[PDB]
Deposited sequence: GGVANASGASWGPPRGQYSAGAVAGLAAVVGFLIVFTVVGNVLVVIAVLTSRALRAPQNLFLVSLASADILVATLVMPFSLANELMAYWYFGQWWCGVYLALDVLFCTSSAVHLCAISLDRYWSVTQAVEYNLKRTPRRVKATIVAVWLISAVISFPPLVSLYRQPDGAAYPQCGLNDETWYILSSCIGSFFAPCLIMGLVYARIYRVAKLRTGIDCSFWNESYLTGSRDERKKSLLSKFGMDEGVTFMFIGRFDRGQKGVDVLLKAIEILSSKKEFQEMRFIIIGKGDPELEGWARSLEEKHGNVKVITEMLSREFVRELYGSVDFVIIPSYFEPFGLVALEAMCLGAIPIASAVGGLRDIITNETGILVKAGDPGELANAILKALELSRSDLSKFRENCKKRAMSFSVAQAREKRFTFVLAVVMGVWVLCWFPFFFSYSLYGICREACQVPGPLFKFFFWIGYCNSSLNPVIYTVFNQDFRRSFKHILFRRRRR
């Protein structure tokens, strides 16, 4: 028998902490599976990647972690040649699937914010099951289990070839880290530009005045009569916010007999040529109130809770905050079916015109007038309800994405010492070999990562916290 490097005390001690770890990883991750499959707030199809990731951790804990310790403590591989090959393939496989899982999850967070409309109709359990199958096959192809292995008292070790060490470090850690970084870099640019609405500020917290009363007060303050009001804010530009589409549509409306029934409040100081076209229409028509001034947030909220409709005629609008904050106060949007406006507005919450054509806009303003004569009271409440529901949906999804970045960062920091050390040995071998005891500790920090995701979810997410509390405490 080979002399062991571990005393009885060290064996009992190490088997106890690792024993503790295995149990902690299993119950925690089993609880994650349970939370996703039971919690209403967590039963979304994209959350199945977390179920699949939890299993990768449950199986390192049961199929790999005990043999890593037993092999260490014993100074030899006792479990036979067959289980050596299966143990080595899995160890690499389960490590590799966490890497590929974090790439799949990252992309899913990226496309949900960017391609919100198109992507979410593809966020189906069957489609998610297809991607989880794909991550597992990519993890098997990357891991390539058929050749990982290779004796008086036998040993169980990996292939020592240079091309292999490096191929496997890149495929299983360095390239998945490059993908995750790049995707999360693209997520934090979008998250910075598509900032969430001031939920508390954009609300009719007056609970004092009436809609028709606020409208009459507003239209008297500007210098008009009581009628169907239309309103524009934002930069005066042909390239994006599309003020030109509205000014041209008003020129089409002026030639009509229904122009007298309509009131228009245009705002912006973007283009000198467009400002002139705007104020010339204010000079030519008394139904037009052009305000080139910079109106404070306090003034625009007063405007939204008075005007019947808000015209958002953008060529490109990735978020459409103006639509959301306007809908919260009761203004019915008339927007171009572009980017973020296509996502927010429904049949019950507004009118979606085609971007660029003023004839498309003018015809909608006429349709708006036809709807105005009847009970607009219930149509305005669908706008208020949608704006809140969409905003709270996006705030909580923006939060879930952050938690998932924490999951990704903690994984990268847990495996970096090992992969950095294993890569160096692949390169300079002996001249840069991390000592045996440090190398061993480095892949144990790696194994410890399997127990961490359930702590991250608990700490950073209320829905997993509540699910865990409901199971654990009654």
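Which parts of the deposited sequence have no C-alpha atoms in the model? Gaps vs deposited seq, in order: 1-12, 163-168, 493-496.
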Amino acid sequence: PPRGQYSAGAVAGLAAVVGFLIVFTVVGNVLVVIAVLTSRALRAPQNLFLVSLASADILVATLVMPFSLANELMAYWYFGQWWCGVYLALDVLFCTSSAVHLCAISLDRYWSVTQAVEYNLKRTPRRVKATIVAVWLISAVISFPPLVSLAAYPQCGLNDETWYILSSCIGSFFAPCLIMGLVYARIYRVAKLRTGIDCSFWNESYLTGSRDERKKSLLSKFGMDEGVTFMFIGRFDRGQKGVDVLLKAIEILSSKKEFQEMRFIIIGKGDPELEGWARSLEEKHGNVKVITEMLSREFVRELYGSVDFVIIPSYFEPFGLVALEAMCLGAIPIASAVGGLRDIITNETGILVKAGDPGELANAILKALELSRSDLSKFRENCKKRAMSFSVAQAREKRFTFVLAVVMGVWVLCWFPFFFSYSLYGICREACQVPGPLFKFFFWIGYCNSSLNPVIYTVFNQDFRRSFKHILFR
From here on, numbers count along this sequence of modelled residues.
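Comparing 73-81 with 233-241, the one whose average Cα B-factor in the PDB entry is higher: Higher mean C-alpha B-factor: 233-241.
Output the stretch having the higher mean C-alpha B factor in the entry; the candidates are 345-353 and 394-402. Between 345-353 and 394-402, it is 345-353.
When you compare the CA B-factors of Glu325, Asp271, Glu161, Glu118 as listed in the entry, which one comes out on top? By C-alpha B-factor in the record, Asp271 ranks first.
So among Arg127, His101, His285, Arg186, who wins on Cα B-factor in the entry? So the option with the highest C-alpha B-factor is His285.
Ranked against its chain, the third holding the CA B-factor of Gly359: Highest third - that is where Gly359 ends up once the chain's C-alpha B-factors are sorted.
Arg109 by Cα B-factor - lowest, middle or highest third of the modelled chain: Lowest third of the chain for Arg109's C-alpha B-factor.
Among modelled residues of the same chain, the CA temperature factor third for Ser172: It belongs to the lowest third of the chain when residues are ordered by C-alpha B-factor.
Sort the modelled residues of this chain by their C-alpha B factor and say whether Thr131 lands in the lowest, middle or highest third. Lowest third, going by the recorded CA B-factors of the chain.
Could you look up the Cα B-factor of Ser336 in the entry and say which third of the chain it sits in: lowest, middle or highest? It belongs to the middle third of the chain when residues are ordered by C-alpha B-factor.
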